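Here you get one chain, nothing else, as structure tokens; it is the form deposited in one PDB entry.
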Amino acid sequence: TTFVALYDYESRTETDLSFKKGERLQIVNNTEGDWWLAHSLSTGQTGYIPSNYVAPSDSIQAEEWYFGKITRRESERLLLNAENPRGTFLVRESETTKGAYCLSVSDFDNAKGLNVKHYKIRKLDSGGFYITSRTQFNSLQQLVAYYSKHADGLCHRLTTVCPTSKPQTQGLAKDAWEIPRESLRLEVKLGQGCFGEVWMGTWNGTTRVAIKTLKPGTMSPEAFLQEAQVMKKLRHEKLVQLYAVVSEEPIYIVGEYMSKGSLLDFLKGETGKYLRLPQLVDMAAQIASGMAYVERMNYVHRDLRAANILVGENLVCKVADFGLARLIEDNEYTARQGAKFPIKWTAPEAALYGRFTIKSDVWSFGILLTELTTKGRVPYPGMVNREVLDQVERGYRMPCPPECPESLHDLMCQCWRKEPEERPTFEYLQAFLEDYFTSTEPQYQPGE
């Protein structure tokens, strides 16, 4: 009945437990969902561990190459990393056939360069697993072992397990949410905003975090606290996870530290000078994915723009600062006015009637699209804030950006429809962007 560690974990508190990948643990108390009390069968030490860093000792989830329910697309973003040798692989759940699996493998060809080939793994009614019926296997493990020795009609022999990064724990530690101010050390100033600052820091002397501070008089702690309850419930690979808070003014919001910074600066950077269309579209697709989750949760972002998107490794983009805008108490800002309100991203009905919805976020996404295709250039280049809303009201829309294909401009124009309900859904935008470049090639290589 033992569990095994899937990744290394460094202790963060006095009551938690460090372990290395592969270490056998006993779960001596599993009552709480996200932190379990465990006990190393190697060291004898006890302490709390994040439940997502372990799997049952003989399970399929224990397999280092088994990635579970991961999209085909997300699967490709990992496999295509330039460091991966050919034959890098992983196994995941097939999306299109329930109860089937999929072996994804990285390959190189002169026509295509670097690419990913997928093989659907079907399980027989008699019990076996196979890619080609010619050769079956009693488990996924055995399939993987055989194909690590002989290619046998796959593109390449299985060589290296697809590497991944450690997943985020749920919270910084068990029961940690409203944390004391003195547990944070501010180290490097990352940014400065209209209502506060962002800092790289350390929680509890151990854990690297980012800390956003709010000026006193920005919002009430009581309102901030009720909302933060809603925000901690939002969990998605394309949303910046909020870790903990300090509710008393000056308010702190503690979150994952995204070393690569905002999408906006990454776009303007030497980092952005040579980004090609396919990458811009893929970043757009992820943001739409995060927003599509917001959309399924019936939440509203309210401040969506390139500045509030954060970048990670492999061109990962995550939606940040969601919901907070609603709580800004500043007089001018509540009236959708003043040098702090992002009018250039705001749908006309939201600015005029304070009508903020997922549809006015769709409009902001259209604006964000023009940032992605113009290296972070400010929207409405020849206009000042105080003259945008009236232009937009009279039906003015930004023209197709230089070098932007009309098709993506047309998408932007759909996002900027006068009637909010005529605007597309984030679900539509996500699919449209993910499938922007049509491949003739087959979804799965033939079993043959």
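For every residue, the number given is its place in the sequence shown, counted from 1.
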Inset, instruction - Using only the Cα atoms and their B-factors as the entry lists them, report which of 414-422 and 64-72 averages higher. - result: 64-72
Inset, instruction - Would you determine, from the values in the PDB entry, which of 125-133 and 80-88 has the greater average C-alpha temperature factor? - result: 125-133
Inset, instruction - Tell me, please, which of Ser360, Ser94, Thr202, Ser262 has the highest C-alpha B factor according to the deposited entry? - result: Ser94
Legend entry - Most elevated Cα B-factor in the entry, residues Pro342, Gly191, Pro348, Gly269: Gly269
Legend entry - Entry-reported Cα temperature factor of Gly113, expressed as the chain third it lands in: highest
Legend entry - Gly33 by Cα B-factor - lowest, middle or highest third of the modelled chain: highest
Legend entry - Third of the chain, ranked by Cα B-factor, where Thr15 sits: middle
Legend entry - Assigned third (lowest, middle, highest) for the C-alpha B factor of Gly366: lowest
Inset, instruction - Ordered by C-alpha B-factor within the chain, which third holds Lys318? Give me lowest, middle or highest, please. - result: lowest
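The protein also exists as the form solved in complex with a small molecule; that form is not presented, and the subsequent description refers to it.
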Inset, instruction - Establish, in the deposited bound form, whether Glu32, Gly171 and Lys233 all lie within 4.5 Å of the small molecule, using non-hydrogen atoms for the distance. - result: no
Inset, instruction - Find out whether any non-hydrogen atom of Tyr293 is located within 4.5 angstroms of the small molecule in the deposited bound form, and reply yes or no. - result: no
Legend entry - is_contact(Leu324, the small molecule) in the deposited bound form, heavy atom dist at most 4.5 Å: yes
Inset, instruction - Find out whether any non-hydrogen atom of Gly153 is located within 4.5 angstroms of the small molecule in the deposited bound form, and reply yes or no. - result: no
Inset, instruction - Evaluate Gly193 for contact with the small molecule in the deposited bound form, applying a 4.5 angstroms cut-off between non-hydrogen atoms, and reply yes or no. - result: yes
Legend entry - Position in contact with the small molecule when the complex is considered in the deposited bound form, options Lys268, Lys123, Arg305, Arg72, heavy atoms within 4.5 Å: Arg305
Inset, instruction - Could you work out which of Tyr299, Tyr333, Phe129, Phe356 is the residue within 4.5 angstroms of the small molecule in the deposited bound form, going by heavy atoms? - result: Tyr333
Legend entry - Among 130-138, 105-113, 206-214, 78-86, the region lying within 4.5 Å of the small molecule in the deposited bound form by heavy atom distance: 206-214
